[PDB]
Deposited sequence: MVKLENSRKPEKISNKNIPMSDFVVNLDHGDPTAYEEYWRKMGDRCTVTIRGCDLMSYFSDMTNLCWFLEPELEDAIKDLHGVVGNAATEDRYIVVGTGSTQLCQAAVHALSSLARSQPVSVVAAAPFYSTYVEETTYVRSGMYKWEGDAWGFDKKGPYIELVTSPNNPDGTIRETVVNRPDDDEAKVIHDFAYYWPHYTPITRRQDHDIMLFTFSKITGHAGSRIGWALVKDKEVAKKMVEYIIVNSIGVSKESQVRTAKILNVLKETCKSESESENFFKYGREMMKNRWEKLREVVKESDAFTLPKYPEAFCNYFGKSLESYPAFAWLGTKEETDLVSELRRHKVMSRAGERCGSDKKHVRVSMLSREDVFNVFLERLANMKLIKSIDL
């Protein structure tokens, strides 16, 4: 009997549950089987810089970036981590450890991924210091710039605005944004969580050129948790493989990236409608670009909607009093007029959100 108006829509976080249906249909081809004596050792391969990296995972990463053409993997080291979240902290750690003086400054162009702030603050390390907005940053000494592209929260394609750099390409995949170029920077971060939605696997990988950096990152991960879950690696490798086979299918419900784009496209079009006829809501505009993967020129459909409001309201609060959770813009170095709303929730959750989005400022 639970009246559906008492139902809280939580789109504050970025739990990519939207892909759950898809993978369920994939069926038994995604199944992972692990014997009782498998993956027991601490080590995977002492022949690699990152010895805790499972071989099958290393191949799956390389093949995937090879087919999608979104990242260069030659002449560099791959480092696996319990998610991109532990890989970023490993890189900040390493770069700071190699700097000529500490604390090293860490900055990011505003608006930025709010989680960056705590990551560079919670342990109170003298190795580095969060300096906020990179725009206009001109403090002296060593610094690390965090470039998220597509960005979190606004989904903007980005580049350095201001000396080391870390590129977080969590959302740099065909179903989110067009592949304008095969990235090839010094430190490129990727997460398994936002590609297929298997966030619970806690798996990310970093592509590092500087061997001395990669070496320190591996060392960081070793002390921090002595490696990453083997079963997670073994599984991530399995589905990424299935996702690769899927890239040569012509079915629209088979080819993941195709399916993904369309799903993202539809949701963004519906949201676009609602915002259109609403009185005070705004939505970021994204330029069209050519995608080297799909071979066409097409729109971007970010995993987060940077919702704004022309009014002088605490949008997060207003949205909250209509039972809609979202990420405060002030947390992303923005203002009370913006909020970040996940676009990767479940279908019914998404629909309910749109309903209330319109039903509001025209009912309270």
Fill in the blank from the handout: Not represented among the modelled residues are deposited positions 1-16, 179-185, 388-391
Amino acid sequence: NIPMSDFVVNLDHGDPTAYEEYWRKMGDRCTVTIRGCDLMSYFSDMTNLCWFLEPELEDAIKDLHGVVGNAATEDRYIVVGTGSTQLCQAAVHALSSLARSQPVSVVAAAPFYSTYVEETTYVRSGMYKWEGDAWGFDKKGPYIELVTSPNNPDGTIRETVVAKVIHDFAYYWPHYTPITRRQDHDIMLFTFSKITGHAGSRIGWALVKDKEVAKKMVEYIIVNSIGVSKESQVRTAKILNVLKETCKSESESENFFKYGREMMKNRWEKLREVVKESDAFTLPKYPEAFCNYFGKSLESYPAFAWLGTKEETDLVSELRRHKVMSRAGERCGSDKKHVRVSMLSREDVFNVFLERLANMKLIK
From here on, numbers count along this sequence of modelled residues.
Handout entry: 112-120 versus 127-135 - which carries the larger mean C-alpha B factor in the record
Key = 127-135
Fill in the blank from the handout: Ranked by mean Cα B-factor in the entry, 42-50 and 26-34, top stretch is 26-34
Handout entry: Identity of residue with top Cα B-factor, from 277, 154, 212, 145
Key = 277
Problem - Residue with maximal Cα B-factor (values as given in the PDB entry) among 245, 219, 168, 186 - result: 245
Fill in the blank from the handout: In terms of its chain's C-alpha B-factors, the third that includes residue 268 is the middle
Exercise for the section: Can you work out whether the C-alpha temperature factor of residue 326 puts it in the lowest, middle or highest third of the chain? Expected result: middle
Handout entry: residue 12 CA temperature factor, ranked by third within the chain
Key = middle
Fill in the blank from the handout: Quick tally, chain-level thirds of C-alpha B-factors: residue 300 sits in the middle
Fill in the blank from the handout: Chain thirds by Cα B factor, record data; residue 158 belongs to the middle
